[PDB]
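> One file is attached below, structure05.txt, containing compact mmCIF, C-alpha atoms.
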```txt
# COMPACT_ATOMS: atom_id res chain seq x y z
CA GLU N 6 -12.12 -21.81 -7.99
CA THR N 7 -9.36 -20.54 -5.71
CA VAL N 8 -5.61 -20.30 -6.18
CA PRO N 9 -3.55 -22.48 -3.80
CA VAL N 10 -0.82 -20.56 -1.98
CA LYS N 11 2.16 -21.68 0.11
CA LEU N 12 4.59 -19.96 2.39
CA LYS N 13 8.19 -20.01 1.25
CA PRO N 14 9.85 -23.28 2.23
CA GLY N 15 11.45 -23.07 5.64
CA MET N 16 9.25 -20.29 6.95
CA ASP N 17 6.35 -20.24 9.34
CA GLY N 18 3.62 -17.64 9.20
CA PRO N 19 3.88 -14.22 10.81
CA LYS N 20 3.71 -13.68 14.56
CA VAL N 21 3.92 -9.90 14.93
CA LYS N 22 2.60 -8.08 18.00
CA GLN N 23 -0.25 -5.62 17.57
CA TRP N 24 0.76 -2.22 18.66
CA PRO N 25 -1.18 0.11 20.97
CA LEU N 26 -3.79 2.30 19.31
CA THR N 27 -5.78 5.30 20.43
CA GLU N 28 -9.40 4.79 21.40
CA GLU N 29 -10.47 6.60 18.23
CA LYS N 30 -8.56 4.25 15.90
CA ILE N 31 -9.96 1.20 17.71
CA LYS N 32 -13.55 2.45 17.39
CA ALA N 33 -13.08 2.96 13.65
CA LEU N 34 -11.48 -0.43 13.15
CA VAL N 35 -14.32 -2.14 15.02
CA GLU N 36 -16.88 -0.54 12.70
CA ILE N 37 -14.91 -1.37 9.58
CA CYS N 38 -14.32 -4.97 10.68
CA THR N 39 -17.93 -5.45 11.81
CA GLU N 40 -19.01 -4.60 8.29
CA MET N 41 -16.32 -6.74 6.68
CA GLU N 42 -17.48 -9.61 8.87
CA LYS N 43 -21.15 -9.07 8.07
CA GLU N 44 -20.03 -9.11 4.44
CA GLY N 45 -18.12 -12.35 4.96
CA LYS N 46 -14.68 -11.03 4.05
CA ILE N 47 -13.27 -11.79 7.48
CA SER N 48 -14.24 -14.22 10.27
CA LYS N 49 -13.61 -14.13 13.99
CA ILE N 50 -11.10 -16.60 15.41
CA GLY N 51 -9.75 -17.62 18.77
CA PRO N 52 -6.33 -18.29 20.29
CA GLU N 53 -5.94 -21.63 18.52
CA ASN N 54 -4.47 -19.52 15.70
CA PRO N 55 -0.91 -18.51 16.67
CA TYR N 56 -0.31 -15.96 13.88
CA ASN N 57 -0.70 -12.24 13.84
CA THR N 58 -0.20 -9.21 11.66
CA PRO N 59 -0.55 -5.57 12.87
CA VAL N 60 -3.42 -3.36 11.87
CA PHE N 61 -4.03 0.31 12.26
CA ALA N 62 -6.18 3.03 10.76
CA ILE N 63 -5.35 6.13 8.77
CA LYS N 64 -6.91 9.29 7.45
CA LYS N 65 -6.08 10.46 3.91
CA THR N 69 -14.84 11.92 8.17
CA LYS N 70 -13.60 8.46 7.02
CA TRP N 71 -10.91 6.24 8.41
CA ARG N 72 -9.26 3.55 6.31
CA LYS N 73 -7.95 0.29 7.58
CA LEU N 74 -4.33 -0.51 6.90
CA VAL N 75 -3.03 -3.98 7.56
CA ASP N 76 0.76 -4.16 7.83
CA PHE N 77 1.43 -7.33 5.84
CA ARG N 78 5.14 -6.66 5.45
CA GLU N 79 6.04 -9.86 7.30
CA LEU N 80 3.47 -12.10 5.66
CA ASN N 81 4.63 -10.79 2.32
CA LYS N 82 8.23 -11.72 3.04
CA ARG N 83 7.02 -15.19 3.96
CA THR N 84 4.71 -15.81 1.01
CA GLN N 85 5.74 -17.64 -2.16
CA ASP N 86 6.79 -15.62 -5.15
CA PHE N 87 4.28 -15.60 -7.99
CA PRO N 95 5.00 -6.11 -15.87
CA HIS N 96 6.08 -2.47 -15.25
CA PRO N 97 5.51 0.19 -17.94
CA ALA N 98 8.67 2.08 -18.77
CA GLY N 99 6.56 4.94 -20.13
CA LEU N 100 4.64 5.65 -16.96
CA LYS N 101 7.37 7.92 -15.56
CA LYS N 102 7.39 9.80 -18.87
CA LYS N 103 3.76 10.96 -18.75
CA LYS N 104 2.82 14.58 -18.05
CA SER N 105 0.31 13.57 -15.38
CA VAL N 106 -0.06 10.35 -13.38
CA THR N 107 -3.07 10.20 -11.03
CA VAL N 108 -3.02 7.63 -8.25
CA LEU N 109 -6.41 6.08 -7.47
CA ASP N 110 -7.17 3.82 -4.51
CA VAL N 111 -9.07 0.66 -5.57
CA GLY N 112 -8.24 -1.84 -2.80
CA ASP N 113 -11.85 -2.79 -2.17
CA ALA N 114 -11.54 -4.71 -5.48
CA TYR N 115 -9.78 -7.72 -3.96
CA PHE N 116 -12.69 -8.49 -1.63
CA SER N 117 -14.66 -10.46 -4.27
CA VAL N 118 -12.25 -13.40 -4.68
CA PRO N 119 -11.95 -16.14 -2.05
CA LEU N 120 -8.62 -16.96 -0.41
CA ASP N 121 -7.33 -20.52 -0.35
CA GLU N 122 -8.80 -22.08 2.78
CA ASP N 123 -5.46 -23.48 3.76
CA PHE N 124 -3.74 -20.06 3.72
CA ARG N 125 -6.35 -18.05 5.61
CA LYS N 126 -4.89 -18.80 9.02
CA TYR N 127 -1.78 -16.79 8.13
CA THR N 128 -3.76 -13.54 7.62
CA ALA N 129 -4.82 -13.36 11.29
CA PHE N 130 -4.97 -9.92 12.90
CA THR N 131 -6.10 -8.44 16.19
CA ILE N 132 -8.13 -5.32 16.92
CA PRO N 133 -6.71 -4.24 20.31
CA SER N 134 -8.92 -3.08 23.14
CA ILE N 135 -8.80 -0.16 25.55
CA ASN N 136 -9.10 -2.70 28.41
CA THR N 139 -8.75 -8.05 27.49
CA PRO N 140 -6.78 -9.16 24.48
CA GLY N 141 -8.97 -7.78 21.70
CA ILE N 142 -10.80 -9.18 18.70
CA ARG N 143 -9.06 -11.62 16.36
CA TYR N 144 -10.08 -12.10 12.72
CA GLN N 145 -8.72 -13.83 9.65
CA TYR N 146 -9.39 -13.17 5.95
CA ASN N 147 -11.65 -15.33 3.76
CA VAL N 148 -10.92 -13.25 0.65
CA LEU N 149 -7.91 -11.69 -1.02
CA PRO N 150 -6.66 -9.06 1.47
CA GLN N 151 -5.55 -5.55 0.74
CA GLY N 152 -1.82 -5.17 1.13
CA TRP N 153 -0.92 -8.80 0.54
CA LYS N 154 1.42 -9.44 -2.34
CA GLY N 155 -0.58 -12.39 -3.56
CA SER N 156 -3.79 -10.45 -4.08
CA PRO N 157 -2.74 -8.46 -7.19
CA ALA N 158 -1.03 -11.58 -8.50
CA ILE N 159 -4.17 -13.69 -8.18
CA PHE N 160 -6.50 -10.87 -9.25
CA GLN N 161 -4.24 -9.74 -12.14
CA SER N 162 -6.17 -11.60 -14.81
CA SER N 163 -9.53 -10.23 -13.72
CA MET N 164 -8.34 -6.61 -13.54
CA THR N 165 -7.08 -6.94 -17.14
CA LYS N 166 -10.54 -7.88 -18.32
CA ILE N 167 -12.04 -4.98 -16.38
CA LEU N 168 -9.61 -2.45 -17.82
CA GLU N 169 -9.49 -3.83 -21.37
CA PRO N 170 -12.39 -1.92 -23.02
CA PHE N 171 -11.10 1.30 -21.46
CA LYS N 172 -7.51 0.70 -22.60
CA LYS N 173 -8.87 -0.04 -26.09
CA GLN N 174 -10.67 3.30 -26.30
CA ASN N 175 -7.64 5.09 -24.81
CA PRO N 176 -4.52 3.49 -26.25
CA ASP N 177 -2.25 6.38 -25.18
CA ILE N 178 -3.13 6.14 -21.48
CA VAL N 179 -0.85 4.04 -19.30
CA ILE N 180 -2.45 2.10 -16.41
CA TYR N 181 -0.29 0.38 -13.80
CA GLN N 182 -1.48 -1.24 -10.60
CA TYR N 183 0.65 -1.61 -7.47
CA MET N 184 -1.25 -3.29 -4.60
CA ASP N 185 -4.29 -1.10 -3.85
CA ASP N 186 -3.19 1.72 -6.16
CA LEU N 187 -3.90 2.35 -9.80
CA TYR N 188 -1.43 4.70 -11.47
CA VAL N 189 -3.05 6.31 -14.54
CA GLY N 190 -0.81 8.30 -16.85
CA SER N 191 -1.55 10.51 -19.79
CA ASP N 192 -0.05 13.32 -21.81
CA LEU N 193 -3.41 15.02 -22.06
CA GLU N 194 -4.03 18.65 -21.17
CA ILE N 195 -4.64 18.75 -17.43
CA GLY N 196 -8.37 19.38 -17.59
CA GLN N 197 -8.78 16.58 -20.09
CA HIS N 198 -6.53 14.29 -18.04
CA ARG N 199 -8.69 14.86 -14.98
CA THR N 200 -11.89 14.29 -16.90
CA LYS N 201 -10.51 11.00 -18.25
CA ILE N 202 -9.70 9.92 -14.71
CA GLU N 203 -13.35 10.49 -13.81
CA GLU N 204 -14.32 8.52 -16.88
CA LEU N 205 -12.16 5.66 -15.65
CA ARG N 206 -13.68 5.86 -12.14
CA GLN N 207 -17.16 5.54 -13.66
CA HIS N 208 -16.03 2.68 -15.86
CA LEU N 209 -14.87 0.88 -12.73
CA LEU N 210 -18.15 1.54 -10.96
CA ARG N 211 -20.02 0.03 -13.91
CA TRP N 212 -17.89 -3.11 -13.54
CA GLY N 213 -18.90 -3.45 -9.89
CA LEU N 214 -16.10 -1.71 -8.03
CA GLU N 224 -17.37 0.52 -5.22
CA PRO N 225 -14.20 1.70 -3.51
CA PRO N 226 -14.94 4.33 -0.86
CA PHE N 227 -11.87 6.50 -1.57
CA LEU N 228 -11.92 6.15 -5.36
CA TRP N 229 -13.27 9.71 -5.69
CA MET N 230 -9.94 11.18 -4.55
CA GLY N 231 -7.12 11.75 -7.01
CA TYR N 232 -3.46 12.16 -6.03
CA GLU N 233 -1.73 13.93 -8.93
CA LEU N 234 1.90 13.46 -9.98
CA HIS N 235 3.83 15.05 -12.85
CA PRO N 236 6.78 12.68 -13.25
CA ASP N 237 8.22 14.27 -16.39
CA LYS N 238 9.33 17.09 -14.09
CA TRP N 239 11.20 14.74 -11.75
CA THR N 240 15.01 14.72 -11.36
CA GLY N 318 21.54 0.31 -14.68
CA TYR N 319 18.79 -1.48 -12.71
CA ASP N 320 18.46 -5.21 -12.01
CA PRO N 321 14.89 -6.42 -11.33
CA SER N 322 16.09 -9.24 -9.11
CA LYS N 323 18.03 -6.74 -7.03
CA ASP N 324 16.43 -4.72 -4.24
CA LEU N 325 16.19 -0.95 -4.19
CA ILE N 326 17.65 0.89 -1.23
CA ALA N 327 17.02 4.48 -0.17
CA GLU N 328 18.99 6.72 2.15
CA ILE N 329 17.80 9.99 3.54
CA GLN N 330 19.76 12.73 5.25
CA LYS N 331 18.43 15.49 7.45
CA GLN N 332 19.63 18.92 6.30
CA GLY N 333 17.84 21.86 7.93
CA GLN N 334 14.88 24.19 8.05
CA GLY N 335 12.70 21.36 6.82
CA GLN N 336 15.15 20.11 4.20
CA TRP N 337 15.98 16.49 3.43
CA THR N 338 18.07 14.76 0.79
CA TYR N 339 17.84 11.23 -0.53
CA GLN N 340 19.44 8.77 -2.89
CA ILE N 341 18.13 5.49 -4.32
CA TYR N 342 20.66 2.84 -5.24
CA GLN N 343 21.44 -0.87 -5.51
CA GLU N 344 25.22 -0.76 -4.77
CA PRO N 345 26.09 2.15 -2.46
CA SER N 346 28.20 3.91 -5.08
CA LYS N 347 25.93 3.40 -8.11
CA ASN N 348 22.99 5.74 -7.62
CA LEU N 349 19.82 5.53 -9.65
CA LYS N 350 18.12 8.73 -8.42
CA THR N 351 18.68 11.58 -5.99
CA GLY N 352 16.45 14.31 -4.73
CA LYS N 353 15.30 16.66 -2.03
CA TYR N 354 12.07 16.92 -0.08
CA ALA N 355 11.07 20.19 1.63
CA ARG N 356 8.53 20.70 4.42
CA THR N 362 5.52 20.56 11.78
CA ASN N 363 8.07 18.14 13.29
CA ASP N 364 10.82 15.95 11.86
CA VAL N 365 8.99 12.59 11.89
CA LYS N 366 6.12 14.23 10.03
CA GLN N 367 8.53 15.54 7.40
CA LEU N 368 10.48 12.29 7.26
CA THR N 369 7.20 10.42 6.92
CA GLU N 370 6.13 12.59 3.99
CA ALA N 371 9.53 12.17 2.38
CA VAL N 372 9.36 8.38 2.75
CA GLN N 373 5.97 8.36 1.07
CA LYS N 374 7.14 10.61 -1.75
CA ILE N 375 10.28 8.55 -2.38
CA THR N 376 8.32 5.30 -2.40
CA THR N 377 5.78 6.70 -4.85
CA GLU N 378 8.62 7.71 -7.22
CA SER N 379 10.15 4.25 -6.88
CA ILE N 380 6.86 2.59 -7.67
CA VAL N 381 6.39 4.84 -10.70
CA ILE N 382 9.96 4.42 -12.00
CA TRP N 383 10.69 0.78 -11.23
CA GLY N 384 7.51 -0.75 -9.85
CA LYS N 385 9.06 -1.66 -6.46
CA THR N 386 9.16 -0.12 -3.07
CA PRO N 387 12.68 0.49 -1.75
CA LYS N 388 14.09 -0.45 1.64
CA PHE N 389 14.79 2.70 3.61
CA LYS N 390 17.64 3.73 5.92
CA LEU N 391 15.90 6.26 8.14
CA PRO N 392 17.89 9.01 9.92
CA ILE N 393 15.95 8.82 13.19
CA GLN N 394 15.61 6.80 16.38
CA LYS N 395 13.44 3.66 16.15
CA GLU N 396 11.42 4.57 19.21
CA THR N 397 10.71 8.10 18.02
CA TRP N 398 9.74 6.86 14.56
CA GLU N 399 7.61 4.08 15.98
CA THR N 400 5.81 6.48 18.29
CA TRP N 401 4.61 8.83 15.51
CA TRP N 402 4.83 7.62 11.92
CA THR N 403 1.31 6.23 11.83
CA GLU N 404 -0.08 9.68 12.66
CA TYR N 405 1.10 11.06 9.33
CA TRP N 406 0.87 8.02 7.09
CA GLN N 407 -1.52 8.37 4.21
CA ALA N 408 -0.39 5.68 1.79
CA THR N 409 -2.10 2.30 1.44
CA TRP N 410 1.23 0.41 1.43
CA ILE N 411 4.18 0.45 3.80
CA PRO N 412 7.82 -0.01 2.73
CA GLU N 413 10.48 -1.81 4.71
CA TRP N 414 12.77 0.35 6.81
CA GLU N 415 15.84 0.35 9.09
CA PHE N 416 17.24 3.13 11.31
CA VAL N 417 20.61 4.85 10.91
```
Could I get this structure in the form of structure tokens?

Amino acid sequence: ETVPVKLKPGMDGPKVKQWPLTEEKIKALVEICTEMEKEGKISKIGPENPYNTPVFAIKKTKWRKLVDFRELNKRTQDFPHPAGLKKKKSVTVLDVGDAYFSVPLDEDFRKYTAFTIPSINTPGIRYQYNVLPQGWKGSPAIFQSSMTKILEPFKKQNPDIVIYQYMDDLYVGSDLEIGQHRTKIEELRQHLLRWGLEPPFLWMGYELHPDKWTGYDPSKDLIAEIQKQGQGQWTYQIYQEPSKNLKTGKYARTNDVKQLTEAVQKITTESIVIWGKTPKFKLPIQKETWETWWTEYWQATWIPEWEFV
């Protein structure tokens, strides 16, 4: 059985142009998509489908596909965050996005997930999803019940570990001694493999220590500003009303966009840990300079919204 999904009343699906990619990124995307197609997760389509969402490829040997569903997400219907996560000595971020590929996507909604692998030449290759896609806000919401069953035996044996999922990421928090924390993360990886997950980047662990980090309305949106200082030094604030800050910080570095891009990722990760939401950024940089370079330094599996200022 599949979950029926609608766009928000009054909205059509996304029609976002694919941006130019290097020959190397295209090659990688073609191999990834060929295998997804073989595996039935996507299907080729033609120009009868008017929708489109951008795709590119990142490196964290192996490229990873990254579909920029920011517009589709804004257009999709609406469907818990642990307060203790930010309190844990260590939080390790795992990538598990391959998990969504086992659940079919409402046949009526598939057309809206269309994307285009550009070509060096010709228009390029168009596909749409048949299965819950990575990066789409409905996929965790539909899969939520199944991931609870998968995690439940592990949570039962480890009641003091906090596990929180945001999109493709699992955030796993413990107060254990660092060696023991890391060994428990491997135990969780192996638990997931025994339940069928085979995510190619699961082996990596991105390690946070939020207890060492520096009035919130869930309905409200989080906003982040960033200011360039100097010699690789940036400052930021997260708020909801410009005066009433919820967090402030500094990131320290090479070029600016690369540093700004790392700062944006770091700030978003903190927001996800603290509140479970990505903020909307006000970026101190020119649109065209940002757009030329940010994908060269992006390593996250999500993408926040941004504006330029």
> Mind checking which residues fall within 6 Å of residue 149 of chain N, counting all atoms listed in the file, ignoring those fewer than 5 positions away in the same chain, and posting them as a PyMOL selection string?
chain N and resi 115-116+118+120+156
> So, counting all atoms listed in the file, which residue among N:387, N:140, N:365, N:200 is closest to residue 22 of chain N?
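Result for the nearest residue to residue 22 of chain N: N:140.
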> Excluding residue 109 of chain N and residues on its chain fewer than 4 positions from it, collect all residues at most 12 Å away from it, counting only C-alpha atoms, and give them as number ranges by chain.
N: 113, 180-190, 199, 202-203, 205-206, 209, 225-234, 408-409
> List the neighbours of segment 163-172 of chain N out to 9 Å using all atoms listed in the file; skip same-chain residues closer than 4 positions along the sequence, and give me the result as a list in words.
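Once the adjacent positions are removed, what remains is residues 114, 157, 159, 176, 177, 178, 179, 180, 205, 208, 209 and 212 of chain N.
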> Using all atoms listed in the file, can you tell me which of N:371, N:75, N:341, N:417 comes closest to residue 385 of chain N?
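Once distances to residue 385 of chain N are computed over all atoms listed in the file, the minimum belongs to N:341.
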> Fewer than 5 positions away in the same chain doesn't count, so skip those; otherwise give me all residues within 10 Å of residue 325 of chain N, counting all atoms listed in the file, as a PyMOL selection string.
chain N and resi 319-320+341-344+349+379+383+385-389
> Hey, which of N:85, N:330, N:134, N:147 ends up closest to residue 17 of chain N? Count only C-alpha atoms.
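Once distances to residue 17 of chain N are computed over only C-alpha atoms, the minimum belongs to N:85.
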> Could you tell me, as a PyMOL selection string, which residues have any atom at most 12 Å from (-1.2, -1.0, 11.9), counting all atoms listed in the file?
chain N and resi 21-27+30-31+34+57-63+72-78+130-133+152+399+401-404+406+409-411
> Fewer than 4 positions away in the same chain doesn't count, so skip those; otherwise give me all residues within 12 Å of residue 336 of chain N, counting only C-alpha atoms, as a PyMOL selection string.
chain N and resi 329-332+352-356+363-364+367-368+370-371
> What separation in Å, quoted to one decimal, exists between atom CA of residue 143 of chain N and atom CA of residue 8 of chain N?
24.4 Å
> From the options N:323, N:374, N:395, N:83, which residue's atoms come nearest to residue 407 of chain N, counting all atoms listed in the file?
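Comparing N:323, N:374, N:395, N:83 against residue 407 of chain N, the winner is N:374.
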> Quick check, in Å to one decimal: how far apart do atom CA of residue 10 of chain N and atom CA of residue 127 of chain N lie?
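Separation of atom CA of residue 10 of chain N and atom CA of residue 127 of chain N: 10.8 Å.
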